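Coordinates as given in target_36.txt (compact mmCIF, N, CA and C atoms):
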# COMPACT_ATOMS: atom_id res chain seq x y z
N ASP A 191 13.51 12.58 -23.31
CA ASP A 191 14.26 12.15 -22.11
C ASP A 191 13.98 13.07 -20.94
N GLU A 192 13.87 14.36 -21.23
CA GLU A 192 13.64 15.38 -20.21
C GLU A 192 12.40 15.07 -19.38
N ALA A 193 11.29 14.83 -20.06
CA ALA A 193 10.04 14.54 -19.39
C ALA A 193 10.07 13.17 -18.73
N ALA A 194 10.84 12.26 -19.31
CA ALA A 194 10.94 10.90 -18.79
C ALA A 194 11.38 10.90 -17.33
N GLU A 195 12.25 11.83 -16.97
CA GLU A 195 12.68 11.97 -15.59
C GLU A 195 11.52 12.43 -14.71
N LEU A 196 10.72 13.35 -15.23
CA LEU A 196 9.56 13.85 -14.51
C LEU A 196 8.45 12.80 -14.43
N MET A 197 8.44 11.87 -15.38
CA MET A 197 7.47 10.76 -15.37
C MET A 197 7.66 9.93 -14.10
N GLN A 198 8.91 9.78 -13.69
CA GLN A 198 9.24 9.07 -12.47
C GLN A 198 8.93 9.95 -11.26
N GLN A 199 9.08 11.25 -11.44
CA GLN A 199 8.88 12.21 -10.37
C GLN A 199 7.40 12.33 -10.02
N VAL A 200 6.53 12.39 -11.03
CA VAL A 200 5.09 12.42 -10.77
C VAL A 200 4.63 11.12 -10.13
N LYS A 201 5.39 10.06 -10.36
CA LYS A 201 5.07 8.77 -9.78
C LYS A 201 5.24 8.81 -8.27
N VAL A 202 6.43 9.15 -7.82
CA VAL A 202 6.71 9.20 -6.39
C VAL A 202 5.88 10.29 -5.70
N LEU A 203 5.63 11.37 -6.43
CA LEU A 203 4.84 12.48 -5.91
C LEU A 203 3.39 12.05 -5.67
N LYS A 204 2.77 11.43 -6.67
CA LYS A 204 1.38 11.00 -6.54
C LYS A 204 1.25 9.86 -5.54
N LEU A 205 2.26 9.00 -5.46
CA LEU A 205 2.23 7.88 -4.53
C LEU A 205 2.35 8.37 -3.10
N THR A 206 3.08 9.46 -2.90
CA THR A 206 3.12 10.11 -1.60
C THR A 206 1.76 10.73 -1.32
N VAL A 207 1.15 11.30 -2.36
CA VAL A 207 -0.21 11.81 -2.28
C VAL A 207 -1.17 10.72 -1.81
N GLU A 208 -1.19 9.61 -2.54
CA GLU A 208 -2.08 8.49 -2.22
C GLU A 208 -1.81 7.95 -0.82
N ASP A 209 -0.54 7.89 -0.45
CA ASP A 209 -0.14 7.44 0.88
C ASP A 209 -0.69 8.39 1.94
N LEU A 210 -0.66 9.68 1.63
CA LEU A 210 -1.13 10.71 2.54
C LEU A 210 -2.65 10.81 2.54
N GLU A 211 -3.27 10.59 1.39
CA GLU A 211 -4.73 10.64 1.28
C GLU A 211 -5.38 9.64 2.21
N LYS A 212 -4.88 8.41 2.20
CA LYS A 212 -5.44 7.36 3.04
C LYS A 212 -5.21 7.67 4.51
N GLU A 213 -4.11 8.35 4.81
CA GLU A 213 -3.82 8.75 6.19
C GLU A 213 -4.73 9.89 6.61
N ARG A 214 -4.87 10.88 5.72
CA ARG A 214 -5.72 12.03 5.98
C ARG A 214 -7.15 11.57 6.28
N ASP A 215 -7.71 10.75 5.40
CA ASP A 215 -9.09 10.29 5.54
C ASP A 215 -9.25 9.35 6.73
N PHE A 216 -8.33 8.39 6.86
CA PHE A 216 -8.37 7.42 7.95
C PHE A 216 -8.44 8.11 9.30
N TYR A 217 -7.48 8.99 9.56
CA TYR A 217 -7.44 9.68 10.83
C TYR A 217 -8.56 10.70 10.95
N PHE A 218 -8.95 11.31 9.83
CA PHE A 218 -10.00 12.34 9.85
C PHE A 218 -11.30 11.77 10.39
N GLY A 219 -11.73 10.64 9.83
CA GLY A 219 -12.94 9.99 10.30
C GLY A 219 -12.77 9.41 11.68
N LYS A 220 -11.53 9.36 12.13
CA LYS A 220 -11.21 8.83 13.44
C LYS A 220 -11.56 9.85 14.52
N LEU A 221 -11.32 11.14 14.26
CA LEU A 221 -11.70 12.19 15.22
C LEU A 221 -13.21 12.18 15.39
N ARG A 222 -13.90 11.84 14.32
CA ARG A 222 -15.35 11.73 14.33
C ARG A 222 -15.81 10.65 15.31
N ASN A 223 -15.01 9.60 15.46
CA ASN A 223 -15.34 8.52 16.39
C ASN A 223 -15.14 8.98 17.83
N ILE A 224 -14.13 9.81 18.05
CA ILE A 224 -13.87 10.34 19.38
C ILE A 224 -14.95 11.36 19.74
N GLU A 225 -15.43 12.08 18.73
CA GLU A 225 -16.54 13.01 18.90
C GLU A 225 -17.83 12.24 19.19
N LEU A 226 -17.93 11.05 18.63
CA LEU A 226 -19.08 10.18 18.85
C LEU A 226 -19.28 9.93 20.34
N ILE A 227 -18.17 9.64 21.03
CA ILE A 227 -18.19 9.42 22.47
C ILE A 227 -18.57 10.71 23.20
N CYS A 228 -18.13 11.82 22.63
CA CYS A 228 -18.44 13.13 23.18
C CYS A 228 -19.94 13.39 23.12
N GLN A 229 -20.52 13.23 21.94
CA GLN A 229 -21.95 13.48 21.73
C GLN A 229 -22.82 12.54 22.56
N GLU A 230 -22.20 11.53 23.16
CA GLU A 230 -22.91 10.60 24.03
C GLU A 230 -22.88 11.06 25.49
N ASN A 231 -21.70 11.43 25.98
CA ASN A 231 -21.52 11.71 27.40
C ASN A 231 -21.58 13.20 27.72
N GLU A 232 -21.43 14.04 26.70
CA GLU A 232 -21.41 15.49 26.89
C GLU A 232 -22.72 16.00 27.47
N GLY A 233 -22.61 16.79 28.53
CA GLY A 233 -23.77 17.38 29.16
C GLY A 233 -24.60 16.36 29.91
N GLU A 234 -24.11 15.14 29.99
CA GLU A 234 -24.85 14.07 30.62
C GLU A 234 -24.08 13.47 31.79
N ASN A 235 -22.86 13.01 31.54
CA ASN A 235 -22.13 12.29 32.58
C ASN A 235 -20.67 12.71 32.67
N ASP A 236 -19.97 12.71 31.54
CA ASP A 236 -18.52 12.90 31.56
C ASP A 236 -18.11 14.20 30.91
N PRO A 237 -17.44 15.08 31.68
CA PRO A 237 -16.90 16.34 31.16
C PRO A 237 -15.59 16.15 30.40
N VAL A 238 -14.98 14.97 30.55
CA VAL A 238 -13.71 14.67 29.89
C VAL A 238 -13.84 14.77 28.38
N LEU A 239 -15.03 14.48 27.85
CA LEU A 239 -15.23 14.49 26.41
C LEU A 239 -15.12 15.90 25.85
N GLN A 240 -15.62 16.89 26.59
CA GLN A 240 -15.56 18.29 26.16
C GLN A 240 -14.13 18.72 25.86
N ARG A 241 -13.19 18.34 26.71
CA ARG A 241 -11.80 18.75 26.51
C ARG A 241 -11.15 17.98 25.36
N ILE A 242 -11.78 16.89 24.92
CA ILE A 242 -11.30 16.17 23.74
C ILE A 242 -11.94 16.77 22.49
N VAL A 243 -13.13 17.34 22.67
CA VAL A 243 -13.79 18.08 21.59
C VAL A 243 -12.96 19.29 21.21
N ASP A 244 -12.41 19.96 22.23
CA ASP A 244 -11.52 21.10 22.01
C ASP A 244 -10.37 20.70 21.10
N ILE A 245 -9.84 19.50 21.33
CA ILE A 245 -8.78 18.94 20.49
C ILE A 245 -9.16 18.99 19.01
N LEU A 246 -10.35 18.51 18.71
CA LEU A 246 -10.79 18.34 17.33
C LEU A 246 -10.95 19.68 16.62
N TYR A 247 -11.09 20.75 17.39
CA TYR A 247 -11.29 22.07 16.81
C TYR A 247 -10.13 23.00 17.14
N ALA A 248 -9.08 22.45 17.73
CA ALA A 248 -7.89 23.23 18.03
C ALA A 248 -6.91 23.14 16.87
N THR A 249 -6.66 24.25 16.21
CA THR A 249 -5.79 24.27 15.05
C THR A 249 -4.38 24.72 15.41
N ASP A 250 -3.42 23.83 15.22
CA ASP A 250 -2.02 24.15 15.45
C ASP A 250 -1.47 24.95 14.28
N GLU A 251 -0.63 25.92 14.58
CA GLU A 251 -0.08 26.82 13.57
C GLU A 251 -1.19 27.60 12.87
N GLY A 252 -1.91 28.40 13.66
CA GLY A 252 -3.01 29.20 13.13
C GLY A 252 -2.53 30.45 12.43
N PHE A 253 -1.44 30.32 11.68
CA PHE A 253 -0.86 31.43 10.94
C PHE A 253 -1.68 31.70 9.68
N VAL A 254 -1.98 32.97 9.44
CA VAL A 254 -2.71 33.36 8.25
C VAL A 254 -1.77 33.38 7.05
N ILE A 255 -1.85 32.34 6.24
CA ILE A 255 -1.00 32.21 5.07
C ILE A 255 -1.55 33.05 3.92
N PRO A 256 -0.74 33.95 3.36
CA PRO A 256 -1.15 34.79 2.24
C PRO A 256 -1.18 34.01 0.93
N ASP A 257 -2.14 34.36 0.07
CA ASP A 257 -2.29 33.73 -1.24
C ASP A 257 -2.54 32.24 -1.12
N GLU A 258 -3.72 31.89 -0.65
CA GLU A 258 -4.12 30.49 -0.57
C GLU A 258 -4.96 30.12 -1.78
N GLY A 259 -4.81 28.89 -2.25
CA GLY A 259 -5.57 28.44 -3.39
C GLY A 259 -4.99 27.19 -4.00
N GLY A 260 -5.45 26.87 -5.20
CA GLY A 260 -4.97 25.70 -5.90
C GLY A 260 -4.70 26.00 -7.35
N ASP B 191 9.00 21.06 -24.41
CA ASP B 191 7.56 21.31 -24.15
C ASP B 191 6.94 20.15 -23.39
N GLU B 192 7.34 18.93 -23.73
CA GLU B 192 6.81 17.72 -23.12
C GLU B 192 6.94 17.76 -21.60
N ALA B 193 8.14 18.02 -21.12
CA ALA B 193 8.40 18.07 -19.69
C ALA B 193 7.74 19.29 -19.06
N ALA B 194 7.60 20.36 -19.83
CA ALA B 194 7.02 21.59 -19.34
C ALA B 194 5.63 21.36 -18.77
N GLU B 195 4.88 20.46 -19.40
CA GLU B 195 3.56 20.09 -18.91
C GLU B 195 3.68 19.37 -17.57
N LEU B 196 4.67 18.49 -17.45
CA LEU B 196 4.90 17.77 -16.20
C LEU B 196 5.44 18.69 -15.11
N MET B 197 6.09 19.77 -15.51
CA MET B 197 6.59 20.76 -14.55
C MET B 197 5.43 21.35 -13.76
N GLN B 198 4.31 21.53 -14.44
CA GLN B 198 3.10 22.02 -13.81
C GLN B 198 2.45 20.91 -12.99
N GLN B 199 2.62 19.68 -13.46
CA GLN B 199 2.01 18.52 -12.83
C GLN B 199 2.70 18.20 -11.50
N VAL B 200 4.03 18.27 -11.46
CA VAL B 200 4.75 18.07 -10.21
C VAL B 200 4.43 19.18 -9.22
N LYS B 201 4.03 20.32 -9.75
CA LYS B 201 3.66 21.45 -8.91
C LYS B 201 2.41 21.13 -8.11
N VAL B 202 1.33 20.81 -8.81
CA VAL B 202 0.06 20.50 -8.16
C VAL B 202 0.18 19.24 -7.31
N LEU B 203 1.00 18.30 -7.76
CA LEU B 203 1.21 17.04 -7.05
C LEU B 203 1.90 17.29 -5.71
N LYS B 204 3.01 18.03 -5.73
CA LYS B 204 3.76 18.31 -4.51
C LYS B 204 2.96 19.21 -3.57
N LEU B 205 2.18 20.12 -4.14
CA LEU B 205 1.39 21.04 -3.34
C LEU B 205 0.27 20.29 -2.63
N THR B 206 -0.26 19.26 -3.28
CA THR B 206 -1.21 18.38 -2.63
C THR B 206 -0.50 17.60 -1.53
N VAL B 207 0.73 17.19 -1.81
CA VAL B 207 1.59 16.56 -0.82
C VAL B 207 1.73 17.45 0.40
N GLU B 208 2.20 18.68 0.18
CA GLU B 208 2.42 19.62 1.27
C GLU B 208 1.13 19.92 2.03
N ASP B 209 0.03 20.01 1.29
CA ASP B 209 -1.28 20.22 1.89
C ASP B 209 -1.66 19.04 2.78
N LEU B 210 -1.32 17.85 2.32
CA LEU B 210 -1.62 16.63 3.05
C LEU B 210 -0.64 16.39 4.20
N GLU B 211 0.62 16.78 4.01
CA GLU B 211 1.64 16.62 5.04
C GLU B 211 1.25 17.37 6.31
N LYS B 212 0.82 18.62 6.15
CA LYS B 212 0.44 19.43 7.29
C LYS B 212 -0.80 18.87 7.96
N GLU B 213 -1.67 18.24 7.18
CA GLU B 213 -2.87 17.61 7.73
C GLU B 213 -2.51 16.34 8.47
N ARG B 214 -1.65 15.53 7.86
CA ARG B 214 -1.20 14.28 8.45
C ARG B 214 -0.56 14.54 9.81
N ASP B 215 0.40 15.47 9.85
CA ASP B 215 1.12 15.77 11.08
C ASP B 215 0.23 16.45 12.11
N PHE B 216 -0.55 17.44 11.66
CA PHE B 216 -1.45 18.17 12.55
C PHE B 216 -2.38 17.22 13.29
N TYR B 217 -3.11 16.40 12.55
CA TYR B 217 -4.04 15.48 13.18
C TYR B 217 -3.31 14.37 13.92
N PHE B 218 -2.15 13.95 13.42
CA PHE B 218 -1.40 12.86 14.04
C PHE B 218 -1.04 13.20 15.48
N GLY B 219 -0.44 14.37 15.67
CA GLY B 219 -0.08 14.81 17.01
C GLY B 219 -1.30 15.12 17.84
N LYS B 220 -2.44 15.19 17.18
CA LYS B 220 -3.70 15.48 17.83
C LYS B 220 -4.20 14.26 18.58
N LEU B 221 -4.04 13.06 17.99
CA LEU B 221 -4.42 11.82 18.68
C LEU B 221 -3.60 11.67 19.94
N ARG B 222 -2.37 12.15 19.87
CA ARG B 222 -1.47 12.12 20.99
C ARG B 222 -2.02 12.95 22.16
N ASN B 223 -2.75 14.02 21.84
CA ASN B 223 -3.35 14.87 22.87
C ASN B 223 -4.53 14.15 23.51
N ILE B 224 -5.27 13.39 22.71
CA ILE B 224 -6.41 12.63 23.22
C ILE B 224 -5.90 11.47 24.08
N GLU B 225 -4.75 10.93 23.70
CA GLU B 225 -4.08 9.89 24.48
C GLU B 225 -3.56 10.48 25.79
N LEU B 226 -3.15 11.74 25.75
CA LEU B 226 -2.70 12.45 26.94
C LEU B 226 -3.75 12.39 28.04
N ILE B 227 -5.01 12.61 27.67
CA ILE B 227 -6.12 12.56 28.62
C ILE B 227 -6.31 11.13 29.11
N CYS B 228 -6.04 10.18 28.22
CA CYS B 228 -6.13 8.77 28.54
C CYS B 228 -5.11 8.40 29.60
N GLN B 229 -3.85 8.74 29.35
CA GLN B 229 -2.76 8.41 30.26
C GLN B 229 -2.94 9.08 31.63
N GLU B 230 -3.87 10.02 31.71
CA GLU B 230 -4.18 10.70 32.96
C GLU B 230 -5.27 9.97 33.75
N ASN B 231 -6.36 9.62 33.07
CA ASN B 231 -7.54 9.09 33.76
C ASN B 231 -7.60 7.56 33.72
N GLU B 232 -6.83 6.95 32.82
CA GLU B 232 -6.86 5.50 32.65
C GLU B 232 -6.41 4.78 33.91
N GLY B 233 -7.22 3.82 34.32
CA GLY B 233 -6.92 3.02 35.49
C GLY B 233 -7.06 3.79 36.78
N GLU B 234 -7.53 5.03 36.69
CA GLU B 234 -7.65 5.87 37.85
C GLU B 234 -9.09 6.31 38.09
N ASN B 235 -9.71 6.92 37.09
CA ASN B 235 -11.04 7.49 37.30
C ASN B 235 -12.00 7.16 36.16
N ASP B 236 -11.60 7.46 34.93
CA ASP B 236 -12.51 7.39 33.80
C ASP B 236 -12.16 6.27 32.84
N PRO B 237 -13.08 5.32 32.63
CA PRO B 237 -12.91 4.24 31.65
C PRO B 237 -13.18 4.69 30.22
N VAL B 238 -13.80 5.86 30.07
CA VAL B 238 -14.12 6.39 28.75
C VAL B 238 -12.88 6.56 27.91
N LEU B 239 -11.75 6.86 28.55
CA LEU B 239 -10.52 7.11 27.82
C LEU B 239 -10.03 5.84 27.12
N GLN B 240 -10.18 4.70 27.77
CA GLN B 240 -9.77 3.42 27.20
C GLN B 240 -10.41 3.17 25.84
N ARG B 241 -11.70 3.46 25.71
CA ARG B 241 -12.39 3.22 24.45
C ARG B 241 -11.98 4.25 23.39
N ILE B 242 -11.36 5.34 23.81
CA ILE B 242 -10.83 6.32 22.86
C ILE B 242 -9.41 5.92 22.47
N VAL B 243 -8.73 5.22 23.37
CA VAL B 243 -7.41 4.65 23.07
C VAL B 243 -7.54 3.61 21.96
N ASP B 244 -8.61 2.82 22.04
CA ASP B 244 -8.90 1.82 21.01
C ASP B 244 -8.98 2.49 19.65
N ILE B 245 -9.60 3.66 19.61
CA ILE B 245 -9.69 4.46 18.40
C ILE B 245 -8.31 4.67 17.77
N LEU B 246 -7.36 5.11 18.58
CA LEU B 246 -6.04 5.49 18.09
C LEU B 246 -5.27 4.30 17.54
N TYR B 247 -5.67 3.09 17.91
CA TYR B 247 -4.98 1.90 17.46
C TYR B 247 -5.88 1.02 16.60
N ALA B 248 -7.06 1.54 16.27
CA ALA B 248 -7.96 0.83 15.39
C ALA B 248 -7.69 1.23 13.95
N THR B 249 -7.28 0.28 13.13
CA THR B 249 -6.93 0.56 11.75
C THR B 249 -8.06 0.17 10.81
N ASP B 250 -8.61 1.16 10.12
CA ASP B 250 -9.65 0.92 9.13
C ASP B 250 -9.02 0.42 7.84
N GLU B 251 -9.70 -0.52 7.19
CA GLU B 251 -9.19 -1.16 5.98
C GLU B 251 -7.88 -1.88 6.25
N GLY B 252 -7.94 -2.87 7.14
CA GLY B 252 -6.78 -3.65 7.51
C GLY B 252 -6.40 -4.68 6.46
N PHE B 253 -6.58 -4.33 5.20
CA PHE B 253 -6.26 -5.22 4.10
C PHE B 253 -4.75 -5.31 3.90
N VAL B 254 -4.25 -6.53 3.75
CA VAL B 254 -2.83 -6.74 3.50
C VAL B 254 -2.51 -6.46 2.04
N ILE B 255 -1.95 -5.29 1.79
CA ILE B 255 -1.61 -4.86 0.45
C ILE B 255 -0.30 -5.51 0.00
N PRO B 256 -0.31 -6.21 -1.14
CA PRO B 256 0.89 -6.85 -1.68
C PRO B 256 1.85 -5.84 -2.31
N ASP B 257 3.14 -6.10 -2.17
CA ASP B 257 4.19 -5.25 -2.74
C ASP B 257 4.11 -3.83 -2.19
N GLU B 258 4.47 -3.68 -0.93
CA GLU B 258 4.53 -2.37 -0.31
C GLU B 258 5.95 -1.84 -0.35
N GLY B 259 6.10 -0.54 -0.51
CA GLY B 259 7.42 0.05 -0.55
C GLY B 259 7.41 1.45 -1.12
N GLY B 260 8.59 1.95 -1.45
CA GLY B 260 8.70 3.27 -2.02
C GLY B 260 9.65 3.28 -3.20
For this file, write the structure as C-alpha cells.
Amino acid sequence: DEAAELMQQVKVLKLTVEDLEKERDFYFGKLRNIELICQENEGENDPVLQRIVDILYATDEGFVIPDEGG
Amino acid sequence: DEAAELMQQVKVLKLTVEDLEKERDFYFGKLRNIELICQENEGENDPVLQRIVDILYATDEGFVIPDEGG
C-alpha cells in the first residue's frame, strides 16, 4: 500500500515532466527561429536582431548554485 | 522497501520537474522580451518584429490530443 501511493505520485510527477519537456523543446527551438531572422539581417540591414540575440543568451538568475548534478 | 525505491524515483522525477520549471519560466518570459521589441517597432519602423511575433504564437505539433487534463 505504501508504494501504491507513490505509484500515483510518480504518475503526476512524470506527467508534469512530459508536459514540461514538450514546452522546453517547443520554445527552445523557437528561439532558434528568432535567431534565424538574426542570422539573416545581422550585419546587413537590421540592428534590431542583435538586441534579440542578446535575449537568447541572457540568463536570468545567474546565481552560482552549489552542488549541481543529477 | 517497495516504496523506498519509488522514494528515489520521485526524487529524480521532481528534480527533472524543477529543472524544467526554471527552463519553462526562464524562456517563457524571454519571448515576452522579444515581443517587447515588437510592441516598440511594430507599425512604426520595423516589419521584422511582426514575423518574430508570429514565432511566439506559432504552435509546433498542433495535434489535437484526446483526453487532456491533470
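With only N, CA and C atoms taken into account, chain B has residues 192, 193, 194, 196, 197, 199, 200, 203, 204, 206, 207, 210, 211, 213, 214, 216, 217, 220, 224, 242, 245 and 250 of chain B at most 7 Å from chain A.
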How would you write, as a count of residues only, the set of residues in chain B that DSSP gives as helix (DSSP H, G or I)?
50
In Å to one decimal, how far is atom N of residue 235 of chain B from atom CA of residue 235 of chain A?
14.3 Å
Rounded to one decimal in Å, what is the spacing between atom N of residue 240 of chain A and atom CA of residue 247 of chain B?
20.5 Å
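Across the structure, atom C of residue 237 of chain A and atom CA of residue 237 of chain B are spaced 12.3 Å apart.
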With the input short on atoms, add N, CA, C and O atoms back to segment 243-255 of chain B and write it as a compact mmCIF listing (two decimals), in the coordinates of the input.
# COMPACT_ATOMS: atom_id res chain seq x y z
N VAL B 243 -8.73 5.22 23.37
CA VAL B 243 -7.41 4.65 23.07
C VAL B 243 -7.54 3.61 21.96
O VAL B 243 -6.71 3.55 21.06
N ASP B 244 -8.61 2.82 22.04
CA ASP B 244 -8.90 1.82 21.01
C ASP B 244 -8.98 2.49 19.65
O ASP B 244 -8.48 1.96 18.66
N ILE B 245 -9.60 3.66 19.61
CA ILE B 245 -9.69 4.46 18.40
C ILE B 245 -8.31 4.67 17.77
O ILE B 245 -8.12 4.42 16.58
N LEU B 246 -7.36 5.11 18.58
CA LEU B 246 -6.04 5.49 18.09
C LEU B 246 -5.27 4.30 17.54
O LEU B 246 -4.32 4.47 16.77
N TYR B 247 -5.67 3.09 17.91
CA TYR B 247 -4.98 1.90 17.46
C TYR B 247 -5.88 1.02 16.60
O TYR B 247 -5.52 -0.10 16.24
N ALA B 248 -7.06 1.54 16.27
CA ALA B 248 -7.96 0.83 15.39
C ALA B 248 -7.69 1.23 13.95
O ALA B 248 -7.88 2.39 13.57
N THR B 249 -7.28 0.28 13.13
CA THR B 249 -6.93 0.56 11.75
C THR B 249 -8.06 0.17 10.81
O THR B 249 -8.44 -1.00 10.72
N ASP B 250 -8.61 1.16 10.12
CA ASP B 250 -9.65 0.92 9.13
C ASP B 250 -9.02 0.42 7.84
O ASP B 250 -7.94 0.87 7.45
N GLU B 251 -9.70 -0.52 7.19
CA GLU B 251 -9.19 -1.16 5.98
C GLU B 251 -7.88 -1.88 6.25
O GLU B 251 -6.83 -1.57 5.68
N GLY B 252 -7.94 -2.87 7.14
CA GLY B 252 -6.78 -3.65 7.51
C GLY B 252 -6.40 -4.68 6.46
O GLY B 252 -5.97 -5.79 6.80
N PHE B 253 -6.58 -4.33 5.20
CA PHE B 253 -6.26 -5.22 4.10
C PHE B 253 -4.75 -5.31 3.90
O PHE B 253 -4.05 -4.30 3.92
N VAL B 254 -4.25 -6.53 3.75
CA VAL B 254 -2.83 -6.74 3.50
C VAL B 254 -2.51 -6.46 2.04
O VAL B 254 -2.78 -7.27 1.16
N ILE B 255 -1.95 -5.29 1.79
CA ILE B 255 -1.61 -4.86 0.45
C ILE B 255 -0.30 -5.51 0.00
O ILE B 255 0.71 -5.41 0.69
